[PDB]
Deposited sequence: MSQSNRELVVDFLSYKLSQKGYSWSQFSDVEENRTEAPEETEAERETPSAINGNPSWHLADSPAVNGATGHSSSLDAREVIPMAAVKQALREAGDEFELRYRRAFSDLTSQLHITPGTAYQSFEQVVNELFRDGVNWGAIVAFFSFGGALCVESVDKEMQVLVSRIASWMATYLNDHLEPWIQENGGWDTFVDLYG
């Protein structure tokens, strides 16, 4: 799905930017029958929610990130295995915000450590994770319109 990919990139570029980094080494009415997301509102809400999450949990992921110990060698399987652990008690919208914040944080840390190559990898992994693992839940749970109504 192109729009979970779009939410991944928006969220990660906002996190990178907020810490003073960048994506790339030179990147500096409807009608009554219908049905879509709609994006700019999901992206804003995910942003604010990711920021609240980071403000509340100074701690999280240090266990998780040391478990991935991500390098230019890491494959998708290993990321998928660590993220499965954020979802160990099941999925809900809080666990989804923690998943995005985790990806934000591996990104920032990778830039920090000189492994900018990992940014697009993580983004690509997240989009795959979301589409394989989380999408069937999201669609059943009110879709993204519902996440907005809780974290908008």
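Missing from the model, relative to the deposited sequence, are the stretches 1, 30-72.
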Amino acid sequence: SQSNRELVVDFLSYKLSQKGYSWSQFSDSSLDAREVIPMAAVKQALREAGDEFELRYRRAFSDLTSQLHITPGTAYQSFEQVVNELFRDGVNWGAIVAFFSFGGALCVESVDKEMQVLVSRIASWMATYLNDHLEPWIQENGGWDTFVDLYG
From here on, numbers count along this sequence of modelled residues.
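Legend: mean Cα B-factor per stretch from the PDB entry, 8-16 versus 136-144; the higher mean is in 136-144. 85-93 and 56-64 differ in mean CA B-factor, and the higher of the two is recorded for 56-64. Considering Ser29, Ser101, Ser110, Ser120 together, the PDB entry gives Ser29 the largest C-alpha B factor.
When the modelled residues of the chain are ordered by their C-alpha B factor, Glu35 lands in the highest third. Per the PDB record, residue ranking by Cα B-factor puts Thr128 in the lowest third of the chain.
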